[PDB]
Amino acid sequence: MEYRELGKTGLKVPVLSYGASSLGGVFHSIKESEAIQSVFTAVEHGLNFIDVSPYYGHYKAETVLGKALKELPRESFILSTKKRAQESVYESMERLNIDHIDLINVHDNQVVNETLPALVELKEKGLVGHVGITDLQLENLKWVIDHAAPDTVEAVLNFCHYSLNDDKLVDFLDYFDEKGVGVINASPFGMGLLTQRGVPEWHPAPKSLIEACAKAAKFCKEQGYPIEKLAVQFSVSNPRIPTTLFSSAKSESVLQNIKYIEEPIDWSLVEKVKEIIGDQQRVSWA
Amino acid sequence: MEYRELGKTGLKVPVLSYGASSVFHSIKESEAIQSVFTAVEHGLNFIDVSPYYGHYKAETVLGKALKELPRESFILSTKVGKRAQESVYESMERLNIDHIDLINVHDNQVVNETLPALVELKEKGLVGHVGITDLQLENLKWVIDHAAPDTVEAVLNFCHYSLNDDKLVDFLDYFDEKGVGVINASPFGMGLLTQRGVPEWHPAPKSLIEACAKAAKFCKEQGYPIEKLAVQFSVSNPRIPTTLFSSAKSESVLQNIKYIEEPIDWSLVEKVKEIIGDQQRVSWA
């Protein structure tokens, strides 16, 4: 298992990161029951870095996850999660029964002046290791880092922009280097596009991107090289992206993606399907 | 296009009803609002807003969008000491509706505190009818038995009247005895009876997954999608007033409407129940 420093953060994070797939909805019990075993498996097999944002919100799930994490040693895992935002961090820290969060990041106006300062105060207190931000659009990330105070934002998290099908994050990597920001990729598979089963029912991806990615998955199938294996291989394949956050419930998926990323990537196959995904490279569906 | 009566409640629900589904929840949101508009346009009055209760921003958008449709043209339902009454109040407040048609309860002794409270809210005329929601029919039976009489008007249940599971059948005589309307849900087994297949999180055992995949590719070779047969079967029983499917895009809603309005091939249902053999009613809860 390979590790990267998360920018100027000091945390050695594994090139893949477990994101604890969404638990809300009916059958939530099954999903969180499996997610606990997945946390254990990811830690036992190399993933320091667990994000539990989907647990941010559910009293009982968060508390028995606090039990589960109390089963694990102090330095055995790095944990990150999502005016009154101070009390929110305090509240959910109590529910997790952890004594301090390794990194807090803001979901989503001028978060620049209200939430981020409170989290900076919290980092000075000793209860939060580092601060970061989460968003969909890289222009928004640039905006908020720009108008914030210097060296406030230590990490950024962003979705579907370093894949076989989307390449945008490159354009911003330099910028992050210039302001000392660790980069966290997420959704390596394009949320179904780089899957061999296909794309979920809610996915609004245009018909063209859908067809390009389905044909790439078919070519991968015919070459005996699963498209998801290639996608997860590729999202952790950039030395400037410290880590990528994949979401799953069953521990089998954690172990499969571990086995994938630890196996050598086929750069010729990357060239091939990046070609087959034609005009649809960096086509957006947000 | 076909309507039945929800037990004795006097609400006329279509055989198929829309249960709008679950980062990336805003995109699902907008699509789901368009989907409820499409469904109400095509006759699917029964609208369950349970996944919106919990996010102020999420319930507000459907409240404001739904204000654009006539009140008598749709029947609405949602999820829920007497904190339940305050929950109903606030749900109406963000949905900007003066009357909820059906109010349900998820999940121990809700028979003496929660259900009497919701009954009181019905007495006042804010809610029309009161029901319960569970994955286990035994738990539904317990609640109905131990509750005050004629309290439980609706019972919602998942993955127990479909091509692979029909454990709801055994309880239908009971539900008729009690005066309880039945709302089926998840007619696809949450991916089993789909051509694409099962999500990663699904716990269903190897044998069930394989039998359903074989039935699926058989349906494919026959030119008759497994999803069409699934939704047709689920709505095919007259003692089950309505079946609730959770979709996001409006195209799925239109597909399912066209599917239920097509006749069902019972020979195909039996050829599929032969592929789903010892796996019928195998639980994964």
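Above this text you will find the structure in question.
Residues numbered from 1 in each chain as written, not as in the entry; some residues may be left out. Chains lettered and ligands numbered in written order. Heavy atoms only, no water. Residues with missing side-chain atoms left out of burial classes, pairs and counts.

Engineer: Looking at this model, I keep getting lost on helix α7 (residues 206-221) of chain B. Mind explaining?
Structural biologist: Residues separated by three or four positions in an α-helix point in the same direction, a consequence of the helix having 3.6 residues per turn. Residue and element names in this part refer to chain B. With 16 residues, α7 ought to run about 22 Å at 1.5 Å a step, and its terminal C-alpha atoms sit 23 Å apart, in line with that. Of the residues making up α7, those classed as buried are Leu-208, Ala-211, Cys-212, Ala-215, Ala-216, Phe-218 and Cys-219. Projected down its long axis, α7 carries its buried residues within an arc of 165°, all on one side. Away from the buried face of α7 by more than 90 degrees, exposed residues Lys-206, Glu-210, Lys-214, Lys-217, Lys-220 and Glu-221 are located. Its buried side turned inward, α7 meets α8 (226-234) and α10 (266-275). Positive phi shows up at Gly-223, right after α7, with a value of about 70°. (Helix = DSSP H or I, 4+ residues; strand = E, 2+ residues; numbered from the N terminus. Expected span 1.5 Å × (residues − 1). Buried < 20%, exposed > 50% of the residue type's maximum accessible area, 1.4 Å probe, protein only. Arc of directions from axis to C-beta. Contact = heavy atoms within 4.5 Å.)

Engineer: Quick question: what am I supposed to make of the packing of aromatic side chains here?
Structural biologist: Note on aromatic pairs: each is described by the distance of the centres and the angle between the planes. The tally for this structure, following the rule as stated, stands at 14 aromatic pairs over all chains. Consider the rings of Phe-27 of chain A and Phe-158 of chain B, whose centres lie 6.3 Å apart with planes at 75°: the pair is edge-to-face. Remark: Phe-158 of chain B occurs in strand β8 (residues 154-158) and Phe-27 of chain A occurs in the loop between β3 (16-18) and α1 (28-45); the pair is interchain, linking two chains. In this structure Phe-27 of chain A comes out as buried when scored by relative accessible area, which is 4%. Judged by its relative accessible area of 13%, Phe-158 of chain B is buried. With a centroid separation of 5.1 Å and an interplanar angle of 35°, the aromatic rings of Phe-27 of chain A and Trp-284 of chain B are classed as tilted. Here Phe-27 of chain A is found in the loop between β3 and α1, whereas its partner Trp-284 of chain B is found in the segment after α10 on a different chain. Take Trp-284 of chain B: its relative accessible area is 12%, and that puts it in the buried class. Put simply, the rings of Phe-27 of chain A together with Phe-158, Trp-201 and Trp-284 of chain B pair up and form one aromatic cluster. The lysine or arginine in question, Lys-31 of chain A, covers the ring of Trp-201 of chain B, its NZ or CZ lying 4.5 Å from the ring centre. (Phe/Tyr/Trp six-rings, centres within 6.5 Å; stacked < 30°, edge-to-face > 60°. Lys NZ or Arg CZ within 6 Å of the ring centre and 35° of its normal.)

Engineer: How should I be thinking about the pattern of salt bridges in this particular structure?
Structural biologist: Between side chains of opposite charge, a pair can form as their charged atoms come close. Residues and elements named next belong to chain A. Using the criterion set out here, one finds 19 salt bridges over all chains in the structure. The partner of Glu-154 in a salt bridge is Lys-123, and the shortest N-O contact between them spans 3.0 Å. Placement of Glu-154 in the loop between α5 (138-147) and β8 (155-159) and of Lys-123 in helix α4 (residues 115-125) is noted, with a sequence separation of 31 residues between them. For the salt bridge of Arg-240 with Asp-177, the shortest nitrogen-to-oxygen distance reads 2.7 Å. (Salt bridge = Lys/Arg side-chain N within 4 Å of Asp/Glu carboxyl O.)

Engineer: How should unusual backbone geometry be read in this particular structure?
Structural biologist: Note: most residues except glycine have negative phi, and most peptide bonds are trans. All names here are of chain A. Residues other than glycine seldom take positive phi values, yet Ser-187 does so here, at roughly 55°. One can find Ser-187 in the loop between β9 (182-186) and α7 (207-222). Even without a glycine there, the phi angle at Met-191 is positive, about 60°. Within the secondary structure, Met-191 sits in the loop between β9 and α7. Overall, the relative accessible area of 25% leaves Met-191 in the partly exposed class.

Engineer: Is there a simple way to explain the interface of chain A and chain B in this structure?
Structural biologist: For an interface, size is often stated in terms of accessible area lost upon the parts coming together. At the junction of the two partners, chain A supplies 23 residues and chain B supplies 23 residues. With both sides pooled, the region where chain A packs onto chain B buries about 2100 Å², and carbon together with sulfur makes up 66% of that total. By the criterion of area lost to chain B, the three top residues of chain A are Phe-27, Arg-197 and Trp-202 of chain A, representing 35% of everything that side buries. Counting every contact that joins chain A to chain B gives 8 residue pairs in polar contact. Among the elements that line the side of chain A that touches chain B, the one with the most residues is α1 of chain A, at 3 residues. Residues that form the side of chain A that touches chain B fall into these classes: 13 nonpolar, 5 polar and 5 charged. (Buried area = accessible area lost by both parts, 1.4 Å probe. Polar contact = N/O pair within 3.5 Å; in protein donor to acceptor, adjacent residues only side chain to side chain. Nonpolar A, V, L, I, M, F, W, Y, C, P; charged D, E, K, R; others polar.)

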